[PDB]
Amino acid sequence: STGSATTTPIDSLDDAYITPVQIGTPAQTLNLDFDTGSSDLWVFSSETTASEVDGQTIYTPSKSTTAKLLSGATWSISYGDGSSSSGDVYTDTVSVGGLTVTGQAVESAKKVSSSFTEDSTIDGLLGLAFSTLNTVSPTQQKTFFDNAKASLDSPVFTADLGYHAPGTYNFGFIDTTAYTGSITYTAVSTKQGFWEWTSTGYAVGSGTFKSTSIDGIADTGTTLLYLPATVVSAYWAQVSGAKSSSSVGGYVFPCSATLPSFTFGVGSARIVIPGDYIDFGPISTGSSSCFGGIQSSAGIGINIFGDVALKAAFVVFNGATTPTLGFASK
């Protein structure tokens, strides 16, 4: 089997992407944030504290003839950005782009943090990291991909995120029309539960490539590109007037600037992030100070190839017995 679904930016900045997901019988369609940096599929629901729902579409398990409470199971997750959610668990039928999994754990939120409430466009998350990170207790549950894998034509999914435009998540096949040149595959460590890999270096604008190993994660659920302070300083030094602002929480730059591109290495291959992808607009409405899309990972504890990086590529998440990651230009 295969599946193919369009993923759409939630706003004009590409702060996140949502993908429609069918849950239950009859189908209830929720728009979920596909997150290769976590491993829980959780949704706003009829069980979510009412004051914490503000415009989201909810899953109502009592209206699904295929929903079954997973007795005794609870979940609770905290994300890198400080947000969190928790609740109980159902199993139900979940379909993405025509690919159907029966008995998928659907984690129903009883509580969500303010960041989730305040974002009316995201109805929940669909985790695509390794199932070892799944938070369901006392019996850990499998991700949608892990459940689907054996049925797929090939044990892969691909992320093709758009810049200020829709893109595609495919399951079970590689669309050879969706990228240019070849896909370069690179080794993955699953030791931390992430799609963790080592970039071979970087360049800033038309500058020379610096060969240096940068370990990080391919994370569709993180907006920005978080890299070591040395790398980030080298980038922003090429933008007149850019500075790190403690009060704002990262590098800012004059909105009048033209940003240079940023290149990252995948083996001997190179992915070029155009300068415009690095612009996250005014820090506050009407400001002429703009927020940068490349930020320091210092004190995150890990480098994160988030959407800023991934949207410059066609990305293969290869879930073969030994997982790997592939990147192509597009």
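Data for the structure
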item	result
Placed amide H near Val89: partners under 5 Å, 5+ positions off or other chain	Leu70, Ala73, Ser108
Cα-based equivalent ellipsoid of the chain: semi-axis lengths in Å, sorted from largest, via gyration tensor	33, 23, 17
Neighbour net charge for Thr222 - beta-carbon separation under 10 angstrom, K R +1, D E -1	-4
Stokes-Einstein diffusion coefficient of segment 175-330, Kirkwood radius over Cα pairs, 20 °C, 1.002 mPa s, in µm²/s	134
Net dipole in debye of the chain [+1 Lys, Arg Cβ; -1 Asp, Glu Cβ; about Cα centre; nearest 20]	640
Per-selection metrics, segment 80-136 (Cα): Rg and Dmax in Å	12.6, 33
Distance in nm between pseudo-label sites at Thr66 and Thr285 (7 Å out along the Cβ direction from Cα)	4.3
Sum of side-chain charges, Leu152 neighbourhood, beta-carbon under 15 Å (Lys, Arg +1; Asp, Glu -1)	-1
Over segment 5-174, equivalent-ellipsoid semi-axes from the Cα gyration tensor in Å	22, 20, 15
Antiparallel DSSP beta bridges within segment 172-305, percent to nearest 5	80
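Neighbour counts are summed over all protein chains in view; Cβ atoms, including those assigned to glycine, are modelled from backbone coordinates with ideal geometry. Where a number appears in this text, it was derived from the coordinates with a stated rule and is not lab data.
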